[PDB]
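So this one's input.txt, compact mmCIF, C-alpha atoms:
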```txt
# COMPACT_ATOMS: atom_id res chain seq x y z
CA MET A 1 11.24 12.20 -11.96
CA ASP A 2 9.45 12.10 -8.59
CA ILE A 3 9.21 14.04 -5.30
CA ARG A 4 8.05 11.18 -3.04
CA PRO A 5 10.09 8.48 -1.21
CA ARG A 6 7.27 5.88 -0.82
CA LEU A 7 4.39 4.55 -2.95
CA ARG A 8 1.03 6.06 -2.11
CA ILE A 9 -1.80 3.51 -2.18
CA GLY A 10 -5.58 3.73 -2.21
CA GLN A 11 -8.08 1.02 -1.30
CA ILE A 12 -11.78 1.33 -2.17
CA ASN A 13 -14.89 -0.73 -2.72
CA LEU A 14 -16.72 1.12 -5.55
CA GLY A 15 -20.16 -0.39 -5.02
CA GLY A 16 -20.37 -1.51 -8.67
CA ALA A 17 -20.93 2.13 -9.71
CA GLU A 18 -19.76 3.59 -13.02
CA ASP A 19 -19.55 7.11 -11.47
CA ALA A 20 -17.38 6.07 -8.51
CA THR A 21 -15.12 4.01 -10.74
CA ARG A 22 -14.70 6.78 -13.29
CA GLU A 23 -13.77 9.38 -10.64
CA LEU A 24 -10.75 7.29 -9.58
CA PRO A 25 -8.21 8.76 -12.08
CA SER A 26 -9.03 12.27 -10.79
CA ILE A 27 -8.82 11.19 -7.16
CA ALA A 28 -5.43 9.49 -7.73
CA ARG A 29 -4.15 12.59 -9.57
CA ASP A 30 -5.39 14.88 -6.72
CA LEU A 31 -3.91 12.77 -3.85
CA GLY A 32 -0.78 11.55 -5.69
CA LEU A 33 -1.83 7.87 -5.50
CA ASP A 34 0.42 5.47 -7.48
CA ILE A 35 -1.91 2.45 -7.16
CA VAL A 36 -5.55 1.94 -6.09
CA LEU A 37 -6.70 -1.52 -5.02
CA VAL A 38 -10.36 -1.72 -5.94
CA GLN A 39 -13.36 -3.94 -5.12
CA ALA A 40 -16.71 -4.09 -6.83
CA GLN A 41 -15.57 -1.93 -9.77
CA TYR A 42 -17.71 -1.02 -12.71
CA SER A 43 -15.61 -3.45 -14.82
CA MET A 44 -16.44 -1.95 -18.27
CA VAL A 45 -13.82 0.77 -17.90
CA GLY A 46 -10.44 0.65 -19.68
CA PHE A 47 -7.99 1.38 -16.92
CA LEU A 48 -8.14 -1.58 -14.40
CA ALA A 49 -6.03 -4.70 -14.15
CA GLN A 50 -8.77 -7.29 -13.47
CA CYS A 51 -9.46 -11.00 -14.15
CA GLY A 52 -12.38 -13.05 -15.35
CA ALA A 53 -15.73 -12.33 -16.97
CA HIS A 54 -17.37 -10.31 -14.13
CA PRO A 55 -14.44 -9.16 -11.98
CA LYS A 56 -15.09 -7.89 -8.46
CA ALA A 57 -11.53 -7.00 -7.53
CA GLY A 58 -8.89 -5.12 -9.58
CA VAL A 59 -5.96 -2.75 -9.48
CA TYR A 60 -5.72 0.79 -10.97
CA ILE A 61 -2.17 1.84 -11.76
CA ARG A 62 -2.22 5.63 -12.13
CA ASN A 63 1.22 5.92 -13.75
CA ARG A 64 1.30 3.23 -16.45
CA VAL A 65 5.09 3.30 -16.74
CA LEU A 66 5.27 1.88 -13.19
CA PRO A 67 6.34 -1.78 -13.80
CA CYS A 68 3.35 -3.83 -12.72
CA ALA A 69 3.00 -7.60 -13.34
CA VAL A 70 -0.44 -9.18 -12.84
CA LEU A 71 0.16 -12.71 -11.59
CA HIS A 72 -2.33 -14.67 -13.58
CA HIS A 73 -1.71 -17.98 -11.80
CA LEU A 74 -2.65 -16.34 -8.41
CA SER A 75 -5.50 -14.07 -9.60
CA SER A 76 -9.22 -14.56 -10.00
CA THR A 77 -12.50 -12.62 -10.24
CA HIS A 78 -12.38 -11.72 -6.50
CA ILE A 79 -8.62 -11.57 -5.84
CA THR A 80 -6.11 -9.69 -7.97
CA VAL A 81 -2.41 -10.13 -7.31
CA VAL A 82 0.27 -7.79 -8.70
CA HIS A 83 4.02 -7.51 -8.46
CA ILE A 84 5.27 -3.88 -8.35
CA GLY A 85 8.78 -4.58 -9.82
CA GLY A 86 11.64 -5.26 -9.46
CA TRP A 87 12.44 -6.23 -5.89
CA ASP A 88 10.21 -8.13 -3.41
CA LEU A 89 6.79 -6.16 -3.22
CA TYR A 90 3.37 -7.72 -4.09
CA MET A 91 -0.13 -6.28 -3.64
CA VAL A 92 -3.43 -8.10 -3.38
CA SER A 93 -6.90 -6.68 -3.91
CA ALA A 94 -9.58 -8.95 -2.43
CA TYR A 95 -13.38 -8.85 -2.28
CA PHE A 96 -15.01 -11.32 0.11
CA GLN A 97 -18.54 -11.18 -1.23
CA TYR A 98 -21.08 -10.79 1.66
CA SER A 99 -23.36 -13.53 0.16
CA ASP A 100 -20.60 -16.24 0.14
CA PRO A 101 -18.92 -18.12 3.01
CA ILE A 102 -15.54 -16.63 3.74
CA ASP A 103 -13.68 -19.92 3.90
CA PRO A 104 -12.92 -20.37 0.14
CA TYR A 105 -11.54 -16.84 -0.02
CA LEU A 106 -9.23 -17.53 2.87
CA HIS A 107 -8.09 -20.84 1.29
CA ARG A 108 -7.24 -18.85 -1.91
CA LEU A 109 -5.42 -16.14 -0.02
CA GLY A 110 -3.42 -18.78 1.90
CA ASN A 111 -2.29 -20.36 -1.41
CA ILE A 112 -1.16 -16.97 -2.58
CA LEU A 113 0.77 -16.36 0.61
CA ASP A 114 2.38 -19.84 0.27
CA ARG A 115 3.75 -18.91 -3.22
CA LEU A 116 4.89 -15.53 -2.01
CA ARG A 117 6.50 -16.93 1.19
CA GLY A 118 9.17 -14.51 2.42
CA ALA A 119 7.96 -11.69 0.10
CA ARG A 120 6.64 -8.28 1.08
CA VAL A 121 2.89 -8.55 0.54
CA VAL A 122 0.17 -5.95 1.10
CA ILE A 123 -3.46 -7.12 1.16
CA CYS A 124 -6.31 -4.73 0.69
CA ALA A 125 -9.53 -6.63 1.44
CA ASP A 126 -13.24 -5.81 1.69
CA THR A 127 -13.81 -8.54 4.27
CA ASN A 128 -17.53 -7.87 5.06
CA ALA A 129 -16.34 -8.99 8.54
CA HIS A 130 -16.34 -7.16 11.87
CA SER A 131 -13.50 -7.29 14.41
CA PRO A 132 -12.03 -5.08 17.11
CA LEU A 133 -8.71 -5.58 15.26
CA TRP A 134 -9.94 -3.07 12.64
CA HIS A 135 -11.94 -0.94 15.09
CA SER A 136 -15.38 -2.39 14.58
CA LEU A 137 -17.66 -1.53 17.52
CA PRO A 138 -19.04 -4.23 19.87
CA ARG A 139 -22.51 -3.78 18.41
CA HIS A 140 -21.08 -4.79 15.03
CA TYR A 141 -19.41 -8.07 16.06
CA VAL A 142 -21.31 -9.26 19.23
CA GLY A 143 -25.07 -9.96 19.24
CA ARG A 144 -25.35 -9.94 15.47
CA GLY A 145 -25.86 -13.68 14.87
CA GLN A 146 -23.77 -16.76 14.31
CA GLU A 147 -22.67 -15.92 10.69
CA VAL A 148 -21.12 -12.55 11.80
CA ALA A 149 -19.36 -14.32 14.75
CA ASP A 150 -18.11 -17.11 12.47
CA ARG A 151 -16.80 -14.71 9.77
CA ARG A 152 -15.01 -12.69 12.44
CA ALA A 153 -13.46 -15.78 13.99
CA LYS A 154 -12.27 -17.14 10.62
CA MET A 155 -10.70 -13.81 9.59
CA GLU A 156 -8.95 -13.40 12.99
CA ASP A 157 -7.76 -17.05 12.88
CA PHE A 158 -6.35 -16.56 9.37
CA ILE A 159 -4.57 -13.35 10.33
CA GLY A 160 -2.98 -15.13 13.28
CA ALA A 161 -2.04 -18.28 11.41
CA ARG A 162 -0.33 -16.22 8.63
CA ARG A 163 1.21 -13.71 11.13
CA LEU A 164 -0.28 -10.82 9.17
CA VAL A 165 -0.24 -7.23 10.43
CA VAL A 166 -3.40 -5.16 10.46
CA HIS A 167 -2.65 -1.50 9.61
CA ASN A 168 -6.06 0.03 10.21
CA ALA A 169 -5.49 2.76 12.83
CA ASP A 170 -7.76 3.72 15.70
CA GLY A 171 -9.68 7.00 15.57
CA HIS A 172 -10.50 7.12 11.83
CA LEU A 173 -13.81 7.30 9.98
CA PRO A 174 -15.83 4.07 9.48
CA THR A 175 -14.95 2.43 6.15
CA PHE A 176 -18.56 1.71 5.13
CA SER A 177 -21.50 4.06 5.59
CA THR A 178 -25.08 3.19 4.50
CA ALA A 179 -28.64 4.01 5.75
CA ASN A 180 -28.45 0.96 8.11
CA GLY A 181 -25.40 2.54 9.84
CA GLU A 182 -21.61 2.89 9.71
CA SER A 183 -19.27 -0.08 9.82
CA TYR A 184 -15.59 -1.10 9.61
CA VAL A 185 -15.12 -3.96 7.09
CA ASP A 186 -12.21 -2.75 4.82
CA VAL A 187 -8.94 -4.04 6.09
CA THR A 188 -5.32 -3.21 5.19
CA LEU A 189 -2.99 -6.14 5.97
CA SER A 190 0.66 -6.92 5.30
CA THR A 191 3.26 -9.54 5.93
CA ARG A 192 5.63 -8.87 8.84
CA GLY A 193 8.20 -6.21 8.20
CA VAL A 194 6.30 -4.20 5.53
CA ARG A 195 6.38 -0.51 6.67
CA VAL A 196 2.91 1.00 6.21
CA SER A 197 2.81 4.74 6.94
CA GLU A 198 0.17 7.49 7.19
CA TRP A 199 -2.84 5.17 7.04
CA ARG A 200 -6.14 7.08 6.96
CA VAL A 201 -9.74 6.89 5.91
CA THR A 202 -10.88 9.74 3.60
CA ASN A 203 -14.11 11.13 2.14
CA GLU A 204 -12.85 11.59 -1.51
CA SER A 205 -15.00 8.84 -3.04
CA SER A 206 -18.66 8.93 -3.92
CA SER A 207 -18.99 5.29 -2.88
CA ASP A 208 -20.78 4.25 0.35
CA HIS A 209 -17.38 2.82 1.24
CA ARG A 210 -14.68 5.26 2.13
CA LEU A 211 -11.32 5.48 0.42
CA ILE A 212 -8.43 4.29 2.48
CA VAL A 213 -5.03 5.84 1.78
CA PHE A 214 -1.52 4.85 3.05
CA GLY A 215 2.14 4.75 2.06
CA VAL A 216 4.42 1.78 1.54
CA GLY A 217 8.23 1.69 0.89
CA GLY A 218 10.45 -0.39 -1.48
CA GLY A 219 11.99 -2.34 1.43
CA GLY A 220 14.45 0.29 2.73
CA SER A 221 15.06 -0.13 6.45
CA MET A 222 15.69 3.60 6.92
CA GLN A 223 14.82 7.01 5.45
CA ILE A 224 17.32 9.88 5.10
CA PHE A 225 16.77 13.52 4.08
CA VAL A 226 19.06 15.09 1.44
CA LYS A 227 18.86 18.89 1.56
CA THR A 228 19.91 21.51 -1.03
CA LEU A 229 20.81 25.09 -0.10
CA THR A 230 17.71 26.34 -2.00
CA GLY A 231 15.60 24.42 0.62
CA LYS A 232 14.54 21.41 -1.52
CA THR A 233 14.55 18.10 0.36
CA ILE A 234 14.90 14.76 -1.40
CA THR A 235 13.62 12.00 0.93
CA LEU A 236 15.27 8.65 0.30
CA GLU A 237 14.53 5.05 1.34
CA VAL A 238 17.94 3.52 1.99
CA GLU A 239 19.99 0.77 3.76
CA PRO A 240 22.85 1.33 6.28
CA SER A 241 25.07 -0.65 3.87
CA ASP A 242 24.23 1.44 0.77
CA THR A 243 27.34 3.31 -0.46
CA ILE A 244 27.54 7.07 -1.07
CA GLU A 245 27.68 6.33 -4.81
CA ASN A 246 24.49 4.21 -4.74
CA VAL A 247 22.83 7.20 -3.06
CA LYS A 248 23.99 9.70 -5.68
CA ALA A 249 22.48 7.45 -8.40
CA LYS A 250 19.29 7.54 -6.31
CA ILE A 251 19.32 11.36 -6.39
CA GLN A 252 19.97 11.23 -10.17
CA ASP A 253 16.89 9.07 -10.62
CA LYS A 254 14.67 11.38 -8.55
CA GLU A 255 16.06 14.73 -9.68
CA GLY A 256 18.11 13.93 -12.83
CA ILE A 257 21.19 15.53 -11.25
CA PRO A 258 24.34 13.80 -12.63
CA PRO A 259 26.31 11.96 -9.85
CA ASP A 260 29.71 13.38 -10.91
CA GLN A 261 28.37 16.90 -10.16
CA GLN A 262 26.89 15.84 -6.77
CA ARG A 263 28.74 16.59 -3.52
CA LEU A 264 27.21 15.03 -0.36
CA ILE A 265 28.24 16.31 3.08
CA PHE A 266 27.40 15.01 6.58
CA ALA A 267 28.69 16.11 9.98
CA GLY A 268 30.75 18.78 8.17
CA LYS A 269 32.63 16.08 6.22
CA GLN A 270 32.47 15.56 2.46
CA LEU A 271 31.36 11.93 1.83
CA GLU A 272 33.63 9.71 -0.30
CA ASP A 273 31.86 7.70 -3.04
CA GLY A 274 33.37 4.28 -2.14
CA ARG A 275 32.22 4.19 1.52
CA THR A 276 28.91 3.02 3.05
CA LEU A 277 26.36 5.11 5.01
CA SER A 278 27.28 3.20 8.21
CA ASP A 279 30.96 4.12 7.81
CA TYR A 280 29.86 7.77 8.23
CA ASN A 281 27.45 6.91 11.09
CA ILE A 282 24.35 7.91 9.10
CA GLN A 283 21.22 6.55 10.84
CA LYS A 284 17.46 6.95 10.40
CA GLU A 285 16.24 10.52 9.71
CA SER A 286 19.84 11.84 9.35
CA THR A 287 20.10 14.88 7.03
CA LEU A 288 22.71 15.05 4.22
CA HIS A 289 23.62 18.28 2.39
CA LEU A 290 23.65 18.11 -1.37
CA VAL A 291 25.79 20.75 -3.07
CA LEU A 292 26.13 21.09 -6.86
CA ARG A 293 29.73 21.36 -8.16
```
Rewrite the structure of this file - the entire thing - as structure tokens.
Amino acid sequence: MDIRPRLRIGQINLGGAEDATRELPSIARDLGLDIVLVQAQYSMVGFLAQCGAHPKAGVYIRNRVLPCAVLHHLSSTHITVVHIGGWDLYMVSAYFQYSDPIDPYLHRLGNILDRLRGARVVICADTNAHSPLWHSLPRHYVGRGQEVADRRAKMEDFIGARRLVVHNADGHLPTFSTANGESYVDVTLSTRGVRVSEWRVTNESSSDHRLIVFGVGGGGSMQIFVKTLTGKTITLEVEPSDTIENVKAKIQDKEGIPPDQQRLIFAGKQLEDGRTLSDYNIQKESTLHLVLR
């Protein structure tokens, strides 16, 4: 059913362009993206979750059978909120339009985070704000006028107040490249405890913004590798307290191998179904052997 342990996510401001919006299916297919959080889409396409008459944020779900609930009570033209079922993960696409004050967007986003208190939330925002937190250069955030300073301050204050984590990594391409120059205004945030992996800025999109890509898990504290003797590795998000049986059902879901014909082995000992992973001393990045029987 699937070869990957984690969801792969894209984030992109499309610049209102039909061509950029319409190349997204082919980019998601190419890169194995499950979900793209979009801003400034060409809204007259058929494949975005989006709200309102002239939406400026939305969500593209590449594989439509992925359970995805659009939370209508928390969503609007500029902020789309989805639940990626059926545990505690929510994703937010947000467009803070350059021409508007930022404050009403932050008030909206705070309300959302109040309803989703305790939940795993990822926020993909085109902030049109400049901060060293997301690797903006000094010439972008200092000496650019009071409105730039004020937007920066508000965004940084909000991040601190909500104890959000910025995932943008140092050393990557600017997120926004025009004829005036290159800037860093696209931000990937989460609530505390969300594991965001492999964050990078890419050149796949025809937009002036660059496509951000990253991975997110389903809440698993640890990953383990399950290895067959033909060299295939099934990577698995898992909890120390998950039992051997509720790992075999995991392998069945990924690989359609029936549990009663699965034999797992660690530290040269066959693993009994009834026990937990901790019982066997299986920690992060441990490797199990799967044998068919």
Which residues of region 199-256 of chain A come within 7 Å of region 267-275 of chain A, and what is each one's closest atom pair and distance in Å (one decimal), counting only C-alpha atoms, sorted by chain and residue number, as CSV?
```
residue,atom,partner,partner_atom,distance
A:243,CA,A:275,CA,5.3
A:244,CA,A:273,CA,4.8
A:245,CA,A:273,CA,4.7
```
Checklist entry - By how many Å are CA of residue 105 (chain A) and CA of residue 39 (chain A) apart? => result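 Taking CA of residue 105 (chain A) and CA of residue 39 (chain A), their separation equals 14.0 Å.
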Next on the checklist: Show me, as a list in words, the residues that have an atom within 10 Å of residue 255 (chain A) when counting only C-alpha atoms, minus same-chain residues fewer than 5 positions from it.
Outcome noted: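 The neighbour list is residues 1, 2, 3, 234, 249 and 250 of chain A.
For the choices A:182, A:260, A:208, A:285, the atom-to-atom distance to residue 16 (chain A) is smallest for A:208 when using only C-alpha atoms.
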Checklist entry - At a cut-off of 8 Å from (24.5, 1.8, 7.3) in the coordinates of the file, what residues are picked up using only C-alpha atoms, written as a ChimeraX atom specification? => result /A:239-242,276-279,281-283
Item to check | Non-local contacts of region 145-148 of chain A (9 Å; all atoms listed in the file; under 5 positions in same chain excluded) as a PyMOL selection string | outcome: chain A and resi 101+128-130+140+153
Checklist entry - Pick from A:60, A:225, A:266, A:96: nearest to residue 187 (chain A), with all atoms listed in the file counted? => result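 Ranked by minimum distance to residue 187 (chain A), first place goes to A:96.
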Checklist entry - Got a sec to check which residues sit within 8 Å of (-3.2, -2.2, -15.8), counting only C-alpha atoms, and write them as a list in words? => result residues 47, 48, 49, 50, 59, 60, 61, 64 and 68 of chain A
Output C-alpha atoms for every residue in the selection just made, as a tab-separated table (two decimals), in the coordinates of the input.
```tsv
chain	number	residue	atom	x	y	z
A	47	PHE	CA	-7.99	1.38	-16.92
A	48	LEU	CA	-8.14	-1.58	-14.40
A	49	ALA	CA	-6.03	-4.70	-14.15
A	50	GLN	CA	-8.77	-7.29	-13.47
A	59	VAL	CA	-5.96	-2.75	-9.48
A	60	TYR	CA	-5.72	0.79	-10.97
A	61	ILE	CA	-2.17	1.84	-11.76
A	64	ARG	CA	1.30	3.23	-16.45
A	68	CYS	CA	3.35	-3.83	-12.72
```
Item to check | Pairwise distance for CA of residue 221 (chain A) and CA of residue 196 (chain A), rounded to one decimal in Å | outcome: 12.2 Å
Next on the checklist: Between CA of residue 168 (chain A) and CA of residue 216 (chain A), what is the distance in Å, rounded to a tenth?
Outcome noted: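 Taking CA of residue 168 (chain A) and CA of residue 216 (chain A), their separation equals 13.7 Å.
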Item to check | Distance criterion (all atoms listed in the file): nearest to residue 233 (chain A) out of A:289, A:167, A:257, A:213 | outcome: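 Selected residue with least distance to residue 233 (chain A): A:289.
For the set A:58, A:171, A:32, A:220, the residue with the smallest atom-to-atom gap to residue 13 (chain A) is A:58, counting all atoms listed in the file.
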Item to check | Exercise: residue 163 (chain A) partners within 9 Å, only C-alpha atoms, chain neighbours under 6 positions left out, as a ChimeraX atom specification | outcome: /A:190-192
Any chance you can output those residues with C-alpha atoms as a PDB file, in the frame of the given file?
```pdb
ATOM      1  CA  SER A 190       0.660  -6.920   5.300  1.00  0.00           C
ATOM      2  CA  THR A 191       3.260  -9.540   5.930  1.00  0.00           C
ATOM      3  CA  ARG A 192       5.630  -8.870   8.840  1.00  0.00           C
TER       4      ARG A 192
END
```
Next on the checklist: Report as JSON, numbers by chain all protein, DNA and RNA residues lying within 7 Å of residue 90 (chain A), evaluated on only C-alpha atoms, omitting residues in the same chain fewer than 6 positions from it.
Outcome noted: {"A": [82, 83, 84, 120, 121, 122]}
Next on the checklist: Can you tell me which residues surround region 203-206 of chain A at a distance of at most 7 Å, considering only C-alpha atoms, apart from same-chain residues fewer than 2 positions away, and format the answer as JSON, numbers by chain?
Outcome noted: {"A": [20, 27, 208, 210, 211]}
Checklist entry - A:264, A:189, A:162, A:124: which is nearest residue 290 (chain A), counting only C-alpha atoms? => result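 Nearest candidate to residue 290 (chain A) out of A:264, A:189, A:162, A:124: A:264.
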Next on the checklist: Under the rule that all atoms listed in the file are counted, which of A:113, A:229, A:126, A:45 is the nearest residue to residue 188 (chain A)?
Outcome noted: A:126
